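*Asks:* 3D, please:
(one chain, ligands or ions: 1)
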Amino acid sequence: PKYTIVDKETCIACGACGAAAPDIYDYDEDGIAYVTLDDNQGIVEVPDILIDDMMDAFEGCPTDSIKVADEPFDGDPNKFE
Ligand code: SF4
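*Replies:* Numbering: from 1, shown residues only. Please find the structure below.
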């Protein structure tokens with residue numbers, strides 16, 4: 001299974017991830033990216049049909065703020081860092 005989350009401290013709100021994977025990433029009230037699947041908690045398995053879009057967003061994030069793992073983040077974008 002794959003999980004994903006945005007590090008809100010490092011996101012620079014550059015527009016890339018919503019363009020790459022709009023069914024995974026959008027922008028909060030402040031304009032900062034977040035994962036819509038689970039409100040940035042890193043607890044909903046990414047649907048099969050969205051995995052390729054996830055990969056595009058992951059590689060295309062300039063600050064490496066988008067995280068991907070085989071394990072839930074449960075609210076901590078830095079669980080694996
Ligand atoms: S691609 Fe990365 S830095 Fe740009 S808005 Fe998305 S999470 Fe933030």
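
*Asks:* so where's the longest helix in this structure?
*Replies:* If you go by DSSP state H, the chain has its longest helix at helix 51-60.

*Asks:* which helices and strands does that helix pack with?
*Replies:* helix 16-20, strand 66-69 (3 or more CB pairs under 8 Å, 6 or more residues apart in numbering; DSSP states H and E). C-beta coordinates here come from the backbone N, C-alpha and C atoms, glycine included.

*Asks:* Throw those into CSV and include mean neighbour count and distance to the ligand, thanks.
*Replies:* Below are the helices and strands packed on helix 51-60 laid out as CSV (neighbours: other CB atoms under 10 Å; distance: least, CB to the nearest ligand atom, whole Å):
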stretch, mean neighbour count, distance to the ligand
helix 16-20, 19, 3
strand 66-69, 20, 5
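
*Asks:* Could you say which one of the ones you listed comes nearest to residue 9?
*Replies:* strand 66-69 (12.0 Å; CB to CB).

*Asks:* List the contacts of residue 74.
*Replies:* 41, 42, 43 (CB atoms under 8 Å, 6 or more residues apart in numbering).

*Asks:* What is the burial count for residue 6?
*Replies:* Look at residue 6: counted by other CB atoms under 10 Å, it has 25 neighbours.

*Asks:* check contacts around it.
*Replies:* Taking CB under 8 Å, 6+ apart as the test, what residue 6 contacts is 17, 25, 32, 33, 34, 35, 40, 65, 66, 67, 77.
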